[PDB]
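Quick setup: one chain, the form deposited in one PDB entry, written in structure tokens, and binding and motion questions come after.
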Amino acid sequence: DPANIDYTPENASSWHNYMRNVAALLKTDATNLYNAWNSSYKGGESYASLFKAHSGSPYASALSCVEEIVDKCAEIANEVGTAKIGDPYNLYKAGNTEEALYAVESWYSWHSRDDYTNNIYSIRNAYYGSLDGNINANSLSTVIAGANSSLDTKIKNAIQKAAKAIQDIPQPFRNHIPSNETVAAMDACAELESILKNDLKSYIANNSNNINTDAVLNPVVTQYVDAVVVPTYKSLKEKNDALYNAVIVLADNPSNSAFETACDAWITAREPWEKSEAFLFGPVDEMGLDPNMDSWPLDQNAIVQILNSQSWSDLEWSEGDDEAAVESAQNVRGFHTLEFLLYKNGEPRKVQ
């Protein structure tokens, strides 16, 4: 029932206000995340400076930075295969097909394949030290290549295999959950997680390989922060600002065209977010910005209740609120709540 709700003339006013409020919070969260890295964190030094310096806490060496980088790449490869794809797959295989269909992150917009593929490109970006698919001179890839060309080539191939396997699932993944292609994508993601957390991490950690000193890894950490992390968060800030502006256009003059234009802005803003999921550490994690912007699944019953009662304060939480209160607010806001409000069955919603 909450899944079947339509945007109608009867609820349009409330629907516009829900969209405005969710888009304003996404704008705030992306700005605060970018500022935490680029300007100041916890009222002090910027997180970009703290990470690049690695002078004690939580990173005392360039190796500690790089182990976090690699751990966080392995974590997203694990999340994508075992949970984003795996949770719907295992529900479906057990015979719980209706629960499986609604378990797919980004199904409202039929965007799961592209979303999860961008998560793998986050790994590529972290490993390449770039955003354009070109291997940077100061990348982890180049460091591994100089010591072990075979391991570097196997890692680059494993990243590409996972991205290609997800793209090979027939569009949309929501309608092809039990496919052979789904299983091949899970396999490719598991192989990628393994080569990162086992082979790569162990190889860098071994002092005998001479690639874990600050002289070797400082330029890798600096380039990862300056060319990957900070520009991705800058792009997310800019694109969440544009997404809010597109929601305002739609709310002020609702039309099929304005819904289509706001949906395009949602995909545009999602890209730097999805391409940041290999670095879910530091500010995005500690500030709770990851679940603020990207909780999934949502509390769909609570969304419909908030829409009909215009209880906008239910979307927000404060420092010191208990865990349940924070999660309840996060489960009714963010990119996926805005996605619900903009899309129906993979297409922009229409004005009746």
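When you see a residue number, it is the position in the sequence shown, counting from 1. Whichever C-alpha set is largest while still superposing within 1.5 Å between the two forms counts as the rigid core.
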Per the PDB record, is the mean Cα temperature factor higher over 208 to 216 or over 99 to 107? 208 to 216
Going by the entry, of stretches 151 to 159 and 129 to 137 the one with greater average Cα B-factor is 129 to 137
Classify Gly282 as lowest, middle or highest third according to the C-alpha B-factor given in the PDB entry, relative to its own chain. highest
Could you tell me which third, lowest, middle or highest, the C-alpha B-factor of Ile123 occupies within its chain? lowest
Can you work out whether the C-alpha temperature factor of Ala329 puts it in the lowest, middle or highest third of the chain? highest
Cα B factor band for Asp226 (lowest, middle or highest third within the chain): highest
Lowest, middle or highest third: which one holds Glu68 when the chain's residues are ordered by CA B-factor from the entry? middle
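Quick note: we don't show the form deposited in another entry, though the next part is all about it.
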From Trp317, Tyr59, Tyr34, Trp296, residue displaced between this form and the one not shown - CA threshold 2 Å or more, rigid core: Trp317
Could you check, with the core superposed, whether the Cα atom of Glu327 shifts 2 Å or more between this form and the one not shown? yes
Thinking of the 3 angstroms or more shift, are the C-alphas of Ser328 and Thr28 brought closer or pushed farther apart in the other entry than in this view? closer
Any idea whether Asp314 and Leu236 get closer or farther by CA distance in the other entry, knowing it moves 3 angstroms or more? farther
